[PDB]
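Working notes, structure below.
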Amino acid sequence: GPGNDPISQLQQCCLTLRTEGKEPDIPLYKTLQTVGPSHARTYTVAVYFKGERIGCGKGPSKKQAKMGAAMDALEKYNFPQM
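Residues 1 to 82 in PDB author numbering are what the sequence shown spells out, letter by letter.
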């Protein structure tokens, strides 16, 4: 349906967040923990930025999980400001 176009691609730039006057940082997305070992194995990942969660998702695979995590950040909007 949506095709092979994970939002992680766009969010990738956000992770670095290149901004003048902003302190340097290097965030990395990696499986946090697995659950449901009894039956189907699931992977849980959470992206952290500036010491705060920016996106988080879950799925039967990292590729699927990461996609959801990136999308979550997108929905929550990066660097929220009214």
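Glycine is no exception: its CB is placed at the ideal position from the N, C-alpha and C atoms.
Three-state secondary structure (DSSP) of residue i
{"i": "residue 73", "result": "helix"}
{"i": "residue 46", "result": "strand"}
{"i": "residue 34", "result": "strand"}
{"i": "residue 22", "result": "coil"}
{"i": "residue 1", "result": "coil"}
{"i": "residue 68", "result": "helix"}
Integer Cβ distance of residue i from residue j, believed to fall under 8 Å
{"i": "residue 47", "j": "residue 69", "result": "6 Å"}
{"i": "residue 34", "j": "residue 45", "result": "Not quite, the Cβ-Cβ distance comes to about 10 Å (not below 8 Å), so this is no contact."}
{"i": "residue 43", "j": "residue 59", "result": "6 Å"}
Residue of the options minimising C-alpha distance to residue i
{"i": "residue 14", "options": "5, 35, 54", "result": "54"}
{"i": "residue 61", "options": "77, 36, 75", "result": "36"}
{"i": "residue 23", "options": "44, 41, 49", "result": "49"}
{"i": "residue 56", "options": "73, 1, 4, 40", "result": "73"}
{"i": "residue 79", "options": "52, 8, 63", "result": "52"}
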